[PDB]
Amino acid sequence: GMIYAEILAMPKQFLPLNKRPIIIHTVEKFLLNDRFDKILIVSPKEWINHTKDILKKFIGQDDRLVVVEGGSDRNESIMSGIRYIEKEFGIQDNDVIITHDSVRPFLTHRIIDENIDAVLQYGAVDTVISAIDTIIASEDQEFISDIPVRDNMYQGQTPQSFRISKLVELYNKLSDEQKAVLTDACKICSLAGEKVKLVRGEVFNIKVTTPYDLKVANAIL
């Protein structure tokens, strides 16, 4: 089967990290891996041409890269990339897609490699790290309601990787209700009884959302 990368993306993906947009650092990590048959960057319509520009400026010409229009939410954007793949290449039952936040530039060769190998075997993969902090619940945002049990608790990161045909089948079954939220594709799989394989992420595999995150980002780099 084929192996696709789907990088989900002023919008934070474009902010500078050591003089180059965060998204460029992220895309570079995928380009280093020879296993990808195509690497998609999925973007809102309003930002597609700027994304294409930034790629030619910092990366240059590479046949594997394509910028594709996203959708209404994150899972729709994953599906929009899958739609492009269907139209350009067709989808075969063994094809896999490695989806990943554009603003997580620090994922490693190991994380990418483990994701592909896990998804080829299991069909659904989440990249996670052990929760460092005690998790606390509060119903009123003012007092502790109850403090749950850390019986192995993890923080989700990304990449999240799937057998394409399987994700399509499960996503189509979502009533229009579920997917007005359900921002997490691994949740889609696990809610449906699929076994989602864990791959260990890294503490430095941070999502760069806020100005403080960017401060952390430059340090990590």
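Note that residue numbering begins at 1 and tracks the sequence as displayed.
**Student:** Count, per the entry, the deposited residues between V199 and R200 that are not modelled, and return the matching class: none, 1 to 3, 4 to 9, or 10 or more.
**Tutor:** Per the deposited record, the segment joining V199 and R200 has no missing residues.
**Student:** Higher mean Cα B-factor in the deposited model: 186 to 194 or 161 to 169?
**Tutor:** For C-alpha atoms only, the mean B-factor is higher in 186 to 194.
**Student:** Mind pulling up the entry and telling me whether 170 to 178 or 57 to 65 has the higher mean Cα temperature factor?
**Tutor:** Result of the comparison: 170 to 178.
**Student:** Highest Cα temperature factor in the entry, among the options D101, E86, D113, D140: which one is it?
**Tutor:** Answer, based on the entry's C-alpha B-factors: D140.
**Student:** Which is it among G90, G81, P148, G123: the one with the largest CA B-factor in the entry?
**Tutor:** That would be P148.
**Student:** So where's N49 on the chain's Cα temperature factor ranking, which third?
**Tutor:** Answer is middle: the recorded C-alpha B-factor places it there.
**Student:** Lowest, middle or highest third of the chain for the C-alpha temperature factor of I144?
**Tutor:** Its C-alpha B-factor belongs to the middle third of this chain's values.
**Student:** Relative to the other modelled residues in the chain, which third contains the C-alpha temperature factor of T26: lowest, middle or highest?
**Tutor:** Tercile = lowest for this residue's CA B-factor.
**Student:** Determine, from the deposited record, the chain-internal third of the Cα B-factor for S72: lowest, middle or highest.
**Tutor:** According to the entry, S72 has a C-alpha B-factor in the chain's highest third.
**Student:** What third of the chain, by the recorded C-alpha B-factor, contains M153?
**Tutor:** According to the entry, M153 has a C-alpha B-factor in the chain's highest third.
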